[PDB]
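Engineer: Let me give you the structure first, and then I'll get to my questions.
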Amino acid sequence: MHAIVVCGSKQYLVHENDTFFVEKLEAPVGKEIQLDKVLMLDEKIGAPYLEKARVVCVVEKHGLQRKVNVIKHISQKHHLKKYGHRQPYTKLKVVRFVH
Amino acid sequence: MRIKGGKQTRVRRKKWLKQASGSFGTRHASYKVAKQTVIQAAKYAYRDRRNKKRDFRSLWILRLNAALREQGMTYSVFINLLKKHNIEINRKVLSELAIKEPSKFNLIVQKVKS
Amino acid sequence: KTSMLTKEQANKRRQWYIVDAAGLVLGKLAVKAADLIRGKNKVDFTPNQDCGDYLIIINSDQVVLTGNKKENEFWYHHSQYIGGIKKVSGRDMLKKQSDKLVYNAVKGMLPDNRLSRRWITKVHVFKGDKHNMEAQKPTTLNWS
Amino acid sequence: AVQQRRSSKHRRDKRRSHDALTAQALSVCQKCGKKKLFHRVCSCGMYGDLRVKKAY
Amino acid sequence: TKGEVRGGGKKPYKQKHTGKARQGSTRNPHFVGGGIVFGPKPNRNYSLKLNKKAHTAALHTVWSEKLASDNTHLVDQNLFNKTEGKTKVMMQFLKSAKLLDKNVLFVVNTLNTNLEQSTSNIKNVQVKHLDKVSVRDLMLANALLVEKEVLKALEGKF
Amino acid sequence: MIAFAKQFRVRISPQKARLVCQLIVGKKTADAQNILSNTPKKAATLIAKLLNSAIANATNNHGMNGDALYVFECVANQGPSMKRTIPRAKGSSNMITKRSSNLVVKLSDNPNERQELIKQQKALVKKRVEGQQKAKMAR
RNA sequence: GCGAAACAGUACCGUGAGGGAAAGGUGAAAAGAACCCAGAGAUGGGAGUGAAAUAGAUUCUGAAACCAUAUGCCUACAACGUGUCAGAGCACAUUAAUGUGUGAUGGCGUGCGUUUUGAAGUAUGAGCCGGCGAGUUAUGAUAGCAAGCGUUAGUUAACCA
RNA sequence: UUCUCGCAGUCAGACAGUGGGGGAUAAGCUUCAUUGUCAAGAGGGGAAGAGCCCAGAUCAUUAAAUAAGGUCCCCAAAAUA
RNA sequence: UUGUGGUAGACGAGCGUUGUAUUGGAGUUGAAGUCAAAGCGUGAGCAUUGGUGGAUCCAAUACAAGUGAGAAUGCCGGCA
Ligand SMILES: [Mg+2]
Ligand SMILES: [Mg+2]
Ligand SMILES: [Zn+2]
């Protein structure tokens, strides 16, 4: 009914029909993707990893988070460097996970 | 030719002012103070973007130790029973969130007792 | 990004509690009272919503202080005037006002905060066994 | 003795919070219709039922 | 400049003991009366030099792209005549050859006066002598009508 | 249906007229003229006359109920100022400045008279967002 | 831009030599608001002319500092370089966006330029806003890059057309 | 890190360890030598500290393992003998 | 694969302004200037709609600079 999945370097706690945002996956919108890394699907602990168990997901959009306007200022010492950044995410929801 | 340059200065200070809203007093009115406040706010944001990932880890540690003390063992003993045997790569955010949906985390604490 | 962390909000549900300082020492009673008041033992501790239980103390004057602290360790308090340092000793404080002693030994261990002056009022230390807050139906537990 | 920092626009309003005004007690004169202020004579010439002045 | 505006040598203030800026003179560059400190001057040369051989090479090459770009229709001295001073017939010829929206250019040797009298009021067109045309005056045309003989003179000059 | 009334450059400070402007604002009409005529202040009569003028305006020109009127809005904006010099000790010549106020009054008829201004504000932002979403049809 | 677009060397200062400013724009054409109400009147509200009267003589455009008024949220046990990362509750709906407005509460948190070995500084400058305000030019020399012409090369100056 | 050429900036240094001169093995004193830091360096420890210890910050991440330093509560983490 | 802190400073790559020359274009069905908004870029910056305003302005390539403002107990004007 639940699951724990390792997307990117993060671990998520997903249930049926949950939209959770992960890093970029280079996948077109609508494709069924199988996040291979997994552990604790249902009362089953795969010690390093949970082998042969898969979770199937469909992605929803490729967006960009709110702008992080990072500016560093060495105080009173001639420095006003400026930079901007927009981390891209991929919003995807689960459909069904293989046992 | 002689150049006055009215639009550019107004646009620049307008952008700097707009970056700061909700500020107390004249900080949201005077550009000369608005720029300094924006600098300090961005410095604080840069510091807290690291502080928050430094701190949420401690928060998870606390809310995990509190749960573990109700089963008869401490957090420090727990990690060994994860690492040395019954090896797992379960993060501390989910080893903490799973308590919010219990009867499944107790499976974790009993599995390591083997 | 990742699963936004859960933090219970405005769902504070707290129960009263009873403990008798029969042979407790000051420090080990104070620490347990403080981290019970803070709600530190809760499985879901939201650090800004005051999820800590109430607490009533019984027989404060029966507390003990190890060693010779009763005649050597002084407690202090100052009014803003000059020479307002009111200095009292351990043995002197226990007979006259034991409740203030426990109150301060608990208030010191709480974080300098705004909830601190709201947590500290959730402790109701009594000198004798008889109290007036039995209307809340408090539970009882040993050495907390 | 001079201010060292600029007194802001907030402190000035806080000080002027008490500078508000108040209304004086008003009453309707008898034998004639007007709103004189209390315990005085109306412009109508009557203090209660008595002659104190000319028409106006 | 600061030294040319009608100003006062007097110091508007004293140097010290009156708390203001220094302000040695009234007509300083930062004042509102103003002596603009650097500005432009009317003695700037604005001129550049290009070597004669380089300029001849540029003229020759630009003639090379233009003369063989299927728009330099050869013209003759005959039709420079056969036209009155009227410019109506000129625009008639232009629309006949469909060159209304171009900038047609006439290079010539004898500088006939019937044509020069015409085409004067036509802003697009212009007639220039063989030695009066420059690189810009040629490559701007996008359409020109070289007349018959200047081909030999251009070959000689290369 | 505002039927307001204004006057330009009264010889009184805005801060000294706003004190009675606050006294009158929000009340009815009959209980306003007397309470304003009976105060001992310079700004009393200068606003009482303008209020009587506003009563006459709202009665004749716009033709409203009359007795249903009530002073809806009073303010005392900063009028143009006159900068004048003044002799001082040891010849320092500071500068006095004579303030002025552009007094206005507004007298509503219906009791609410506010959320419809917010309705016009929402109509403006509505037309802005509708014009924006219409411009998406560039395809 | 001449100091001076206008009744400028005027106003003004100085006994005198002398010093020496600021300031423009309704409208298409006054068609400059008859007449009514209030008010002593100025004036304001209607009406009328006008495409436009939020073009009305204060007369093109109208920003900020500053002052008022109001919709929504918060604030009277609170140690606050005023923000930031979290964070309810409350009210709404947008350049459809993991939305906006406010922010009870938690963690953290001693400005900006100067000159200094070292400044939050009990060093120094700025009350705020707006405008003006500081590496140019002439003629030379040196070096780099690129172009033209090239192995008895290259190249004009003044002047004339 | 050797040579040729273009363009610089610097000639007020401070502290810690170490070896000494002056000083009274007094000074956060003065002047050398040497290794480091700051100057021109953020972070963690040191309660708060430019000069001490572990270290060298391209940005984002609500991931993990460690260094100095620590594990009664503030303040994350420990027990056993 | 090696890296990517940085004052004095050395080098490179760019944005913006006003005008000029070539093409192209828009504009009383409303240009510029102005305000507002929950827009887009690594940054100088650049859009979109609505209100006001009523007549010039924008894009591409080069050239030319009286070309970029927080500080000078700066000047002037206005307001605290
Ligand atoms: Mg001071
Ligand atoms: Mg007062
Ligand atoms: Zn009467």
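Ordering of the structure tokens sets the chain letters (A, B, ...); residue numbers start at 1 within each chain; ligands are numbered from 1 in the order shown.
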Tell me which protein, DNA and RNA residues are within 9 Å of segment 115-129 of chain C, counting only C-alpha atoms (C1' of nucleotides), leaving out same-chain ones fewer than 2 positions away, and put them as a ChimeraX atom specification.
Structural biologist: /C:20,33-34,37-38,48-50,52-62,97-100,102-103,106-107,110-113,131 /G:77,105
Engineer: Got a sec: who's within 8 Å of residue 89 of chain C, counting only C-alpha atoms (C1' of nucleotides), leaving out chain neighbours fewer than 3 positions off, as JSON, numbers by chain?
Structural biologist: {"C": [70, 71, 72, 73, 74, 75, 92, 93]}
Engineer: Name the residues of segment 62-123 of chain C that come out as strand (DSSP E or B) in a backbone DSSP run; write them as a ChimeraX atom specification.
Structural biologist: /C:64,74-78,85-89,123
Engineer: Now that the selection is made, can you save its residues with N, CA, C and O atoms as a short mmCIF file (atom, residue, chain, number, x, y, z; two decimals), in the first residue's frame?
Structural biologist:
```
data_model
loop_
_atom_site.label_atom_id
_atom_site.label_comp_id
_atom_site.auth_asym_id
_atom_site.auth_seq_id
_atom_site.Cartn_x
_atom_site.Cartn_y
_atom_site.Cartn_z
N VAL C 64 15.76 16.51 48.16
CA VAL C 64 17.06 16.40 48.82
C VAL C 64 18.12 17.02 47.92
O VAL C 64 17.97 17.10 46.70
N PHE C 74 24.50 28.93 47.65
CA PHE C 74 23.52 29.99 47.83
C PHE C 74 22.72 30.21 46.55
O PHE C 74 23.23 30.04 45.44
N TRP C 75 21.47 30.60 46.73
CA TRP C 75 20.65 31.10 45.64
C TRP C 75 20.53 32.61 45.77
O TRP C 75 20.50 33.15 46.88
N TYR C 76 20.46 33.29 44.63
CA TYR C 76 20.52 34.74 44.61
C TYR C 76 19.32 35.31 43.86
O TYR C 76 18.70 34.64 43.03
N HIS C 77 19.01 36.57 44.18
CA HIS C 77 17.99 37.32 43.46
C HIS C 77 18.23 38.79 43.73
O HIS C 77 18.57 39.17 44.86
N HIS C 78 18.05 39.62 42.71
CA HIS C 78 18.38 41.04 42.79
C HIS C 78 17.19 41.89 42.39
O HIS C 78 16.58 41.65 41.34
N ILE C 85 20.79 42.58 46.49
CA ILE C 85 21.09 41.16 46.39
C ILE C 85 20.52 40.47 47.62
O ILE C 85 21.06 40.61 48.73
N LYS C 86 19.43 39.74 47.44
CA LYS C 86 18.85 38.92 48.50
C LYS C 86 19.45 37.52 48.38
O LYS C 86 19.13 36.78 47.44
N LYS C 87 20.32 37.17 49.32
CA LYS C 87 21.06 35.91 49.28
C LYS C 87 20.49 34.98 50.33
O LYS C 87 20.46 35.32 51.52
N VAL C 88 20.04 33.80 49.90
CA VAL C 88 19.52 32.78 50.79
C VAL C 88 20.29 31.49 50.55
O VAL C 88 20.85 31.26 49.48
N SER C 89 20.33 30.65 51.58
CA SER C 89 21.07 29.41 51.53
C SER C 89 20.14 28.24 51.22
O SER C 89 18.92 28.37 51.25
N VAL C 123 3.54 24.15 35.12
CA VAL C 123 4.01 23.43 36.30
C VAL C 123 3.36 24.06 37.52
O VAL C 123 3.38 25.28 37.69
#
```
Engineer: Using only C-alpha atoms (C1' of nucleotides), I'd like every residue of chain H that has an atom within 12 Å of chain A; please write them out as a ChimeraX atom specification.
Structural biologist: /H:39-42,57-64
Engineer: Selected residues, C-alpha atoms (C1' of nucleotides), written as a PDB file, in the first residue's frame, please.
Structural biologist:
```
ATOM      1  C1'   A H  39      45.265  40.663   5.669  1.00  0.00           C
ATOM      2  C1'   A H  40      42.659  38.945   0.548  1.00  0.00           C
ATOM      3  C1'   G H  41      38.904  33.214   4.037  1.00  0.00           C
ATOM      4  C1'   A H  42      33.296  32.044   4.482  1.00  0.00           C
ATOM      5  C1'   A H  57      32.533  27.897   0.276  1.00  0.00           C
ATOM      6  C1'   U H  58      30.310  27.095  -8.449  1.00  0.00           C
ATOM      7  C1'   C H  59      24.506  26.746  -7.328  1.00  0.00           C
ATOM      8  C1'   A H  60      20.327  23.826  -5.777  1.00  0.00           C
ATOM      9  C1'   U H  61      18.739  19.171  -2.597  1.00  0.00           C
ATOM     10  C1'   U H  62      13.833  18.546   3.820  1.00  0.00           C
ATOM     11  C1'   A H  63      20.294  12.538   1.323  1.00  0.00           C
ATOM     12  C1'   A H  64      24.822   9.571   3.527  1.00  0.00           C
TER      13        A H  64
END
```
Engineer: With only C-alpha atoms (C1' of nucleotides) and all ligand atoms counted, collect every polymer residue having an atom within 10 Å of ligand 2; state the result as number ranges by chain.
Structural biologist: D: 12-20
Engineer: I need the residues from that last selection saved to file as a tab-separated table (two decimals), in the first residue's frame (with N, CA and C atoms), if you can.
Structural biologist:
```tsv
chain	number	residue	atom	x	y	z
D	12	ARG	N	6.12	59.46	16.13
D	12	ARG	CA	5.34	60.70	16.09
D	12	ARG	C	3.85	60.42	16.18
D	13	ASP	N	3.36	59.43	15.42
D	13	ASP	CA	1.95	59.06	15.50
D	13	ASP	C	1.61	58.50	16.88
D	14	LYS	N	2.51	57.70	17.46
D	14	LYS	CA	2.25	57.17	18.79
D	14	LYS	C	2.11	58.30	19.80
D	15	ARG	N	2.97	59.32	19.70
D	15	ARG	CA	2.85	60.49	20.57
D	15	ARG	C	1.55	61.24	20.32
D	16	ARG	N	1.15	61.39	19.06
D	16	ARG	CA	-0.04	62.16	18.74
D	16	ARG	C	-1.32	61.37	18.91
D	17	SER	N	-1.22	60.12	19.35
D	17	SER	CA	-2.42	59.32	19.60
D	17	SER	C	-3.31	59.98	20.65
D	18	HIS	N	-2.71	60.62	21.66
D	18	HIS	CA	-3.47	61.26	22.72
D	18	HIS	C	-3.89	62.69	22.39
D	19	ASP	N	-3.38	63.27	21.30
D	19	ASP	CA	-3.76	64.63	20.92
D	19	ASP	C	-5.14	64.73	20.31
D	20	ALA	N	-5.95	63.67	20.35
D	20	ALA	CA	-7.28	63.72	19.79
D	20	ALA	C	-8.17	64.65	20.60
```
Engineer: Rounded to one decimal in Å, what is the spacing between atom CA of residue 81 of chain C and atom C1' of residue 74 of chain H?
Structural biologist: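 Separation between atom CA of residue 81 of chain C and atom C1' of residue 74 of chain H: 29.1 Å.
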Engineer: Please provide the set of residues having any atom within 10 Å of residue 94 of chain F, restricted to only C-alpha atoms (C1' of nucleotides), with same-chain residues fewer than 5 positions apart removed, written as a short mmCIF file (atom, residue, chain, number, x, y, z; two decimals) with N, CA and C atoms, in the first residue's frame.
Structural biologist:
```
data_model
loop_
_atom_site.label_atom_id
_atom_site.label_comp_id
_atom_site.auth_asym_id
_atom_site.auth_seq_id
_atom_site.Cartn_x
_atom_site.Cartn_y
_atom_site.Cartn_z
N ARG F 84 8.56 81.88 3.71
CA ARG F 84 8.86 83.24 4.12
C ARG F 84 10.04 83.24 5.08
N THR F 85 10.80 84.33 5.04
CA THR F 85 11.97 84.47 5.89
C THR F 85 11.59 85.11 7.22
N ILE F 86 12.53 85.09 8.16
CA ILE F 86 12.31 85.67 9.49
C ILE F 86 13.65 86.08 10.08
N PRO F 87 13.78 87.31 10.58
CA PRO F 87 15.03 87.71 11.22
C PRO F 87 15.26 86.94 12.51
N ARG F 88 16.53 86.70 12.82
CA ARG F 88 16.92 85.98 14.02
C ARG F 88 18.12 86.68 14.64
#
```
Engineer: Kindly provide, as number ranges by chain, all nucleotide and amino acid residues lying within 9 Å of ligand 1, counting only C-alpha atoms (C1' of nucleotides) and all ligand atoms.
Structural biologist: D: 4-5; G: 122
Engineer: Using only C-alpha atoms (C1' of nucleotides) and all ligand atoms, which residues of the polymer chains come no farther than 6 Å from ligand 3? I'd like the answer as a list in words.
Structural biologist: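 The residues within 6 Å of ligand 3, counting only C-alpha atoms (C1' of nucleotides) and all ligand atoms, are residues 29, 32, 33, 34, 42, 43, 44 and 46 of chain D.
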Engineer: Next, the residues of the selection above should be written as a PDB file, in the first residue's frame with N, CA and C atoms.
Structural biologist:
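After the write, result15.pdb holds the following:
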```pdb
ATOM      1  N   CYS D  29     -32.190  73.731  23.878  1.00  0.00           N
ATOM      2  CA  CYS D  29     -32.782  74.807  24.657  1.00  0.00           C
ATOM      3  C   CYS D  29     -34.304  74.711  24.628  1.00  0.00           C
ATOM      4  N   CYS D  32     -37.592  77.133  22.390  1.00  0.00           N
ATOM      5  CA  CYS D  32     -36.962  77.488  21.125  1.00  0.00           C
ATOM      6  C   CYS D  32     -36.040  76.355  20.709  1.00  0.00           C
ATOM      7  N   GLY D  33     -35.913  76.158  19.396  1.00  0.00           N
ATOM      8  CA  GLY D  33     -35.199  75.003  18.889  1.00  0.00           C
ATOM      9  C   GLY D  33     -33.779  75.276  18.436  1.00  0.00           C
ATOM     10  N   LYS D  34     -32.810  74.729  19.162  1.00  0.00           N
ATOM     11  CA  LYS D  34     -31.397  74.849  18.826  1.00  0.00           C
ATOM     12  C   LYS D  34     -30.624  73.885  19.713  1.00  0.00           C
ATOM     13  N   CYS D  42     -28.375  79.886  25.232  1.00  0.00           N
ATOM     14  CA  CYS D  42     -28.453  79.735  23.792  1.00  0.00           C
ATOM     15  C   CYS D  42     -28.385  81.104  23.126  1.00  0.00           C
ATOM     16  N   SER D  43     -28.079  81.097  21.828  1.00  0.00           N
ATOM     17  CA  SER D  43     -28.183  82.324  21.051  1.00  0.00           C
ATOM     18  C   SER D  43     -29.612  82.834  20.994  1.00  0.00           C
ATOM     19  N   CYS D  44     -30.584  81.996  21.355  1.00  0.00           N
ATOM     20  CA  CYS D  44     -31.995  82.345  21.386  1.00  0.00           C
ATOM     21  C   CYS D  44     -32.328  83.359  22.475  1.00  0.00           C
ATOM     22  N   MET D  46     -32.487  82.694  25.797  1.00  0.00           N
ATOM     23  CA  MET D  46     -33.047  82.053  26.979  1.00  0.00           C
ATOM     24  C   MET D  46     -32.011  81.159  27.641  1.00  0.00           C
TER      25      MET D  46
END
```
Engineer: Could you please select, counting only C-alpha atoms, the residues of chain A within 7 Å of chain C and state them as a compact mmCIF listing (two decimals) with C-alpha atoms, in the first residue's frame?
Structural biologist:
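File written: out33.txt
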```txt
# COMPACT_ATOMS: atom_id res chain seq x y z
CA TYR A 12 10.52 9.08 -0.62
CA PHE A 20 5.95 13.83 -5.45
CA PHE A 21 8.63 16.01 -7.03
CA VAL A 22 12.08 14.61 -7.81
```
Engineer: So how far away is atom CA of residue 39 of chain C from atom CA of residue 66 of chain C, in Å?
Structural biologist: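 Between atom CA of residue 66 of chain C and atom CA of residue 39 of chain C the gap is 28.2 Å.
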Engineer: With a distance cut-off of 8 Å and only C-alpha atoms (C1' of nucleotides), select the neighbouring residues of residue 73 of chain A, excluding the residue or stretch itself and same-chain residues fewer than 3 positions from it, and output the selection as a PDB file with N, CA, C and O atoms, in the first residue's frame.
Structural biologist:
```pdb
ATOM      1  N   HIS A  79      32.892  44.105  -3.407  1.00  0.00           N
ATOM      2  CA  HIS A  79      32.380  42.857  -3.962  1.00  0.00           C
ATOM      3  C   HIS A  79      30.861  42.846  -3.917  1.00  0.00           C
ATOM      4  O   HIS A  79      30.272  42.858  -2.832  1.00  0.00           O
ATOM      5  N   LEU A  80      30.235  42.819  -5.091  1.00  0.00           N
ATOM      6  CA  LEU A  80      28.781  42.779  -5.219  1.00  0.00           C
ATOM      7  C   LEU A  80      28.389  41.796  -6.326  1.00  0.00           C
ATOM      8  O   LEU A  80      27.557  42.082  -7.188  1.00  0.00           O
ATOM      9  N   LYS A  81      29.017  40.620  -6.335  1.00  0.00           N
ATOM     10  CA  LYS A  81      28.708  39.638  -7.366  1.00  0.00           C
ATOM     11  C   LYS A  81      27.275  39.140  -7.231  1.00  0.00           C
ATOM     12  O   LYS A  81      26.730  39.016  -6.132  1.00  0.00           O
TER      13      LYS A  81
ATOM     14  N   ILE B  39      20.440  43.163   0.318  1.00  0.00           N
ATOM     15  CA  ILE B  39      21.726  42.487   0.499  1.00  0.00           C
ATOM     16  C   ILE B  39      21.702  41.630   1.760  1.00  0.00           C
ATOM     17  O   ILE B  39      22.094  40.455   1.741  1.00  0.00           O
ATOM     18  N   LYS B  43      21.896  37.556   2.030  1.00  0.00           N
ATOM     19  CA  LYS B  43      22.920  36.903   2.843  1.00  0.00           C
ATOM     20  C   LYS B  43      22.287  35.927   3.823  1.00  0.00           C
ATOM     21  O   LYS B  43      22.748  34.788   3.981  1.00  0.00           O
TER      22      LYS B  43
END
```
Engineer: Select from chain D every residue with an atom at most 9 Å from any atom of segment 19-32 of chain B, then for each give the shortest pair of atoms and their distance in Å to one decimal, using only C-alpha atoms, rows by chain and rising number, as a tab-separated table.
Structural biologist:
```
residue	atom	partner	partner_atom	distance
D:8	CA	B:25	CA	8.1
D:9	CA	B:25	CA	8.0
D:10	CA	B:25	CA	8.0
```
Engineer: Please produce a file of those selected residues containing C-alpha atoms, as a PDB file, in the first residue's frame.
Structural biologist:
```
ATOM      1  CA  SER D   8      10.520  58.076  12.792  1.00  0.00           C
ATOM      2  CA  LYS D   9       6.994  58.480  11.433  1.00  0.00           C
ATOM      3  CA  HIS D  10       5.815  55.787  13.880  1.00  0.00           C
TER       4      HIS D  10
END
```
Engineer: Return as a CSV table (one decimal) with N, CA and C atoms, in the first residue's frame the residues belonging to chain F that are within 7 Å of chain G, counting only C-alpha atoms (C1' of nucleotides).
Structural biologist:
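Okay, result-v4.csv is ready:
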```
chain,number,residue,atom,x,y,z
F,5,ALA,N,-17.9,68.1,-1.8
F,5,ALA,CA,-17.6,69.5,-1.9
F,5,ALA,C,-16.2,69.8,-1.4
F,6,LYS,N,-15.5,70.7,-2.1
F,6,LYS,CA,-14.1,71.0,-1.8
F,6,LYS,C,-13.9,72.5,-1.8
F,7,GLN,N,-12.7,72.8,-1.2
F,7,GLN,CA,-12.3,74.2,-1.2
F,7,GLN,C,-10.8,74.2,-1.3
F,52,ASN,N,-22.2,72.9,5.1
F,52,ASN,CA,-23.5,73.5,4.7
F,52,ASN,C,-23.5,73.5,3.2
F,53,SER,N,-22.4,73.9,2.5
F,53,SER,CA,-22.4,73.9,1.1
F,53,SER,C,-22.6,72.5,0.5
F,56,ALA,N,-26.2,71.6,0.7
F,56,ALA,CA,-27.0,72.2,-0.4
F,56,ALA,C,-26.7,71.5,-1.7
F,57,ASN,N,-25.4,71.1,-2.0
F,57,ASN,CA,-25.1,70.4,-3.2
F,57,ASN,C,-25.8,69.1,-3.3
F,60,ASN,N,-29.7,69.8,-3.8
F,60,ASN,CA,-30.2,70.4,-5.1
F,60,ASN,C,-29.6,69.6,-6.3
F,61,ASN,N,-28.3,69.6,-6.4
F,61,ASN,CA,-27.7,69.2,-7.7
F,61,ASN,C,-28.0,67.7,-8.0
F,75,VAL,N,-11.1,64.6,4.9
F,75,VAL,CA,-9.7,64.6,5.0
F,75,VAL,C,-9.2,66.0,4.9
F,76,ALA,N,-7.9,66.3,5.2
F,76,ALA,CA,-7.3,67.6,5.1
F,76,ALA,C,-5.9,67.4,4.4
F,77,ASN,N,-5.9,67.5,3.1
F,77,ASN,CA,-4.7,67.3,2.4
F,77,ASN,C,-3.7,68.5,2.5
F,78,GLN,N,-2.5,68.3,2.2
F,78,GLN,CA,-1.5,69.3,2.3
F,78,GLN,C,-1.6,70.2,1.1
F,118,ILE,N,-14.7,48.8,-3.8
F,118,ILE,CA,-13.9,47.6,-4.0
F,118,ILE,C,-14.4,46.8,-5.2
F,132,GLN,N,-5.3,40.1,-20.3
F,132,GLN,CA,-4.1,39.3,-20.3
F,132,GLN,C,-4.4,37.9,-20.9
```
Engineer: If we count only C-alpha atoms (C1' of nucleotides), what is near residue 41 of chain B at a cut-off of 8 Å, once residues fewer than 4 positions away on the same chain are taken out, given as a list in words?
Structural biologist: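 Contacts, with the query itself left out: residues 37 and 45 of chain B; 83 and 84 of chain G.
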